[PDB]
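Residue numbers (the deposited numbering), protein chains in the order written: chain A, 67 to 531; chain B, 1151 to 1165, 1235 to 1278, 1293 to 1503; chain C, 1151 to 1165, 1235 to 1238.
Report on one structure; see the data block that follows.
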Amino acid sequence: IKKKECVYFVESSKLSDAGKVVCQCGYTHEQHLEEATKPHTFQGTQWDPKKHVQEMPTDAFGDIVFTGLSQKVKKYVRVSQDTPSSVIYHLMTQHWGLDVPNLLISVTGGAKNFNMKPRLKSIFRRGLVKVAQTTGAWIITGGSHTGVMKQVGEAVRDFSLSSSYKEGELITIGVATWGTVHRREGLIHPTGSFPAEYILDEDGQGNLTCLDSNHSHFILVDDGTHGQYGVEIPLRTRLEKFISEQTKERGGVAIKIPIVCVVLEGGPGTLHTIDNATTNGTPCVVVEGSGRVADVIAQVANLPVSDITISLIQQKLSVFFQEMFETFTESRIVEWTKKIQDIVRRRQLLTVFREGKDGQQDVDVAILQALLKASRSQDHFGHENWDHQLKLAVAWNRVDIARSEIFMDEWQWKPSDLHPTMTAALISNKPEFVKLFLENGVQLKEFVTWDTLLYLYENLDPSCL
Amino acid sequence: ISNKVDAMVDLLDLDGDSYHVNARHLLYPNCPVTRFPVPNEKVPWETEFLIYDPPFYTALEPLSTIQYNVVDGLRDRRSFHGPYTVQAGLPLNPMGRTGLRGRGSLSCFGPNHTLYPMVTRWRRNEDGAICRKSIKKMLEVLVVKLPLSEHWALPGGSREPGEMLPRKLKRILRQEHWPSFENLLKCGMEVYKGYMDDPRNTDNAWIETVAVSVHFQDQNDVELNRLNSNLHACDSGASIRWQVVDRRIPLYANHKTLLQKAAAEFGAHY
Amino acid sequence: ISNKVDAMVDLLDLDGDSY
């Protein structure tokens, strides 16, 4: 029982407020606000969110099963906001039964306001099921039955009741805020939960969002507040780095796990979603024509960083943002402009999904479009980084792209370096990539050494008799 | 004909700013604080911003008797690009606004001086003759990696008064060897006497560098035969390593700015 | 038709001193 490591981050919130929310009083919570130490002695005169958020070990670490909507087993943990991403990587790897990923599609967007267009609703799942079909992709999304997070869980069901492998192997990680869960009661049992119950009622939520019903594992973060969304934003941005940058160790030194961030529509918490990701170094792709914050950064993503001003954001927040515009004050449009400028001058970590007569395909070519402009700046200080570039570039057989991106560079023609890529193009079919290597003139006669045939011969097709 | 007429179906369907970009960032290094966002438009100190309410983190107001714009005691409080202004008893950061006030994790308010030095050799290949890079010629620098870091920082920093050697190429590096390169630093060209784009800057304090560079023309000279094999290079640190100066060095971006103007004095490839 | 459509593949590719 690895409970002596993870913690509550529960809060000894001395009652020093009255906001009259949902026919209640006091600070966030109620008679359950005094856990064991109570609002007592003298701790608290102005409620500083740093002085005393004392860390006790968790009480929500088990296995949640829904009523009848999905007869399965789903494991959840109530982690804190300060747990390092090594008490948990040591916990998904071997305390849960999860493998080591090779692709980390991040699907974020809007919430509680989402009308997915009937045709865009189609490009989305043809674009998101195929990445799950291949490789060992992990789908990390917010845990809620609303938004792009309810559409990413609405296609996994289609790919679990009718698919190539049938059953299901997708690992759809759901990370959200504990405090923003409707019926947290019954999900809190000392020791474990071991098939506890979660009734999905979406009428009495009011402002307290329910969990989804088609994810795989739920990682609930906690800060000790009720109704404060946005707490689950910084922690996953080190989760998606420590998982994706310092977890694999062939090559003797280090190799980067591919990571992509897909955003459709959005809102206040969707810009802090992509700014933190791009700052960390997560390539992202925006789906233009969707709606909110995706679009406002879809048609400003090529203009100079100096052009972007408060006037431009004011004019471009009065078309995509209609009813929330009057909510936007003068201290939320000069704080929405600096973040947009910040994500713009990272022009090597941002692309756009063109809609009509451009990028006429699923979301997938767009995710490696983001990776291509991202890793073009990252093509020599990673050395081997070319090899994984092609190990994904086999997913679309981007023969024309691979010809265009490398063969018309100032390419050093690198016969030795073409061989790891040759082997990567051999482990499965890749009919045209190997011929690409033969007009380049990969001399097979020295390419195949004894260890080369070794490597080729451990990688038979597993399905052959 | 199907393939070409498929090429004719689509055939008739044819009819920035240069300001400090490191100080104005969120999450001031090693401190759970935020800065009030300052977009590129209002960075100068003359643009009228009245919602201005930046934090005051410093790892108040009787700070008089500070000789700004002059050599205040043994600190030399006057920046290279002319005197600055004082908004009571705290200096104002030139080159624009940052978003924070106070001093942060810095010694004192005003121009903090460091002396980041440059030591270079054309990389040897197998014969001594410099092997041609992609187009022009290629050089190397000596970078140092202390354990608690993620980049190959340059060997220099805060100049202790009367040291003339920047306190880090003076310690955890070559020691009991000073007199020689301390007699060589008064020989070379300056490449940048000015302001850095550190992420640690604030509206009331800033850091400045003098940047000296020394090059070694030969490979078996009397300089490279007494520099490399005379260095301790490990007191409490964890690394020392000559690195190839390319466009994507795992170095601190602020220092990579210095190299981008220093390696260019000979015709190199950064 | 191959020969003529081969003539249409290229058809839309059109847009001193006295001493």
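Note that the Cβ used here is the ideal one computed from N, Cα and C, for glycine as well.
The C-alpha of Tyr-1317(B) is placed about 38 angstroms away from the C-alpha of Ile-1473(B). CA-CA distance, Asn-1241(B) to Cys-350(A), rounds to 22 angstroms. The Cβ atoms of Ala-1495(B) and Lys-1370(B) lie no closer than 8 angstroms to each other. Each residue's CA atom was taken as its position, placing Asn-168(A) and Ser-152(A) some 18 angstroms apart. Within the DSSP secondary-structure output, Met-1351(B) pairs in a beta bridge with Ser-1446(B). Distance between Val-297(A) and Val-241(A), taken at the CA atoms: about 11 angstroms. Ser-1237(C) is outside the set of residues whose beta carbon lies under 8 angstroms from a beta carbon in chain B. Less than 8 angstroms separates the beta-carbon of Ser-79(A) from that of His-95(A).
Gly-1335(B) is not a Cβ neighbour of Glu-1294(B), given a cutoff of 8 angstroms.
At a cut-off of 8 angstroms between beta-carbon atoms, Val-1447(B) makes no contact with chain C. A check of alpha carbon separations from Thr-303(A) across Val-326(A), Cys-530(A) and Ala-198(A) identifies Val-326(A) as the nearest. Chain-order list of chain B residues neighbouring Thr-403(A): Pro-1258, by C-beta distance under 7 angstroms.
In this structure, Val-214(A) lies near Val-173(A), with their beta-carbon atoms less than 8 angstroms apart. Residues of chain B whose Cβ lies closer than 7 angstroms to the Cβ of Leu-1162(C) are, in chain order, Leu-1161.
Per DSSP, the continuous alpha helix (DSSP H) segment holding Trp-1411(B) begins and ends at 1411-1414.
Annotation note: the region 404-474 of chain A contains the following uninterrupted alpha helix (DSSP H) runs of length 4 or greater, listed N- to C-terminal: 429-442, 451-459 and 465-468.
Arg-1392(B) is positioned such that its CB atom lies closer than 8 angstroms to that of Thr-1347(B).
Per the DSSP secondary-structure output, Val-353(A) pairs in a beta bridge with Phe-419(A).
For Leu-1372(B), the enclosing beta strand (DSSP E) starts and ends at 1372-1376.
A direct Cα-Cα distance of roughly 15 angstroms separates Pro-1273(B) from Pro-1324(B).
For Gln-312(A), no chain B residue has a Cβ inside 8 angstroms of its Cβ, as the nearest lies near 10 angstroms away.
At a cut-off of 8 angstroms between beta-carbon atoms, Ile-376(A) makes contact with chain B. Secondary structure of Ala-242(A) (DSSP, three-state): strand.
Residue pairing by DSSP puts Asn-1345(B) in a beta bridge opposite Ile-1440(B). At a cut-off of 3 residues, the continuous stretches assigned as beta strand (DSSP E) that sit fully inside the region 160-187 of chain A are 172-175. Within the region 1477-1497 of chain B, contact with chain A at the beta-carbon level (separation under 9 angstroms) is assigned to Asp-1479, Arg-1480, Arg-1481, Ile-1482 and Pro-1483.
Distance from the Cα of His-255(A) is smallest, within the candidate group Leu-522(A), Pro-123(A), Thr-393(A) and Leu-526(A), for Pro-123(A).
For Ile-1270(B), the nearest CB of chain A lies under 8 angstroms from its own CB, placing it at the interface with that chain. Residue pairing by DSSP places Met-1422(B) opposite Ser-1446(B) in a beta bridge. At the C-beta level, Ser-282(A) and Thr-238(A) come within 8 angstroms of one another. With a minimum length of 3 residues, the unbroken runs of beta strand (DSSP E) contained wholly in the region 275-318 of chain A fall at 283-287. Shown here for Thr-489(A): same chain residues with a beta carbon closer than 8 angstroms to its own, the five before and five after excluded, namely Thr-518, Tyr-521 and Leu-522 in chain order. For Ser-1297(B), no Cβ of chain A is located within less than 8 angstroms of the residue's own Cβ. With respect to the 8 angstroms criterion, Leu-330(A) and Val-353(A) are classified as neighbours on the basis of their beta carbons. Counting only the Cα atoms, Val-1303(B) lies some 28 angstroms from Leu-1402(B). In the DSSP assignment, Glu-263(A) falls within the beta strand (DSSP E) that extends over 262-264.
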